[PDB]
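Asks: this one's a deposited entry, sequence included:
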Amino acid sequence: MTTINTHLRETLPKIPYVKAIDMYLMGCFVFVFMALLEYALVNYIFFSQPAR
Amino acid sequence: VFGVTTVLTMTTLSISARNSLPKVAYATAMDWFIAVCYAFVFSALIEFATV
């Protein structure tokens, strides 16, 4: 996601506002980020109870 | 790591690959080849997920 974001960003001007494509890329990034954090949370309480 | 890293390499080759042709709005033949190959890589990974 970071590679995609950095490689497809430099073909535009340095505009401050959030574009639609920037919104979509940040959405995809927060989704995969919360997925990894969710895994971290699953691993945090894996040793104690496997049911949760 | 096989599946995910080959998907990442498919992403790197596709990003590298898009600098060759202009910014046309239709799919070329190389675009179809890259799409089918990416589909095969993704299909291989989901097949691994199933197994």
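Replies: That came through fine. Numbering: from 1, shown residues only, chains lettered A, B, ... in the order given.

Asks: can you list the residues of chain A near chain B?
Replies: A:3, A:4, A:7, A:8 (C-beta under 8 Å from any C-beta of the partner chain). Where you see a C-beta, it was placed from the backbone N, CA and C, and this is true even at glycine.

Asks: and the last one, backbone torsions?
Replies: Meaning residue A:8. Dihedral pair for residue A:8: phi -110, psi 20, per degrees, to the nearest 10.

Asks: for the chain, longest helix please?
Replies: Here I'm looking at chain A. helix A:20-44 (DSSP state H).

Asks: that was the other one, I meant chain B.
Replies: helix B:29-50.

Asks: got the buried residues for it?
Replies: Neighbour-count burial for helix B:29-50 flags B:34, B:38, B:41 (criterion: 16 or more other C-beta atoms under 10 Å in any protein chain shown).

Asks: report the distance from it to the chain centre.
Replies: Per C-alpha atoms, centre = their mean, to the nearest Å, the displacement of helix B:29-50 from the mean C-alpha position of its chain is 6 Å.

Asks: so does it get close to chain A?
Replies: No. Applying C-beta under 8 Å from any C-beta, one finds helix B:29-50 separated from chain A by no less than 13.4 Å.

Asks: other residues contacting that helix?
Replies: Helix B:29-50 is contacted by residues B:2, B:3, B:4, B:6, B:7, B:10, B:13, B:14, B:17, B:20, B:21, B:27 when judged by C-beta atoms under 8 Å, 6 or more residues apart in numbering or on different chains.

Asks: filter the residues you listed to the buried ones?
Replies: B:6, B:10.

Asks: which ones among the contacts of helix B:29-50 are found in helices?
Replies: B:2, B:3, B:4, B:6, B:7, B:10, B:13, B:14, B:17.

Asks: so what's the residue count around residue A:28?
Replies: 13 (other C-beta atoms under 10 Å in any protein chain shown).

Asks: point to the residue nearest the middle of chain A.
Replies: Nearest to the geometric centre of chain A sits residue A:29, at 2.1 Å (C-alpha atoms, centre = their mean).
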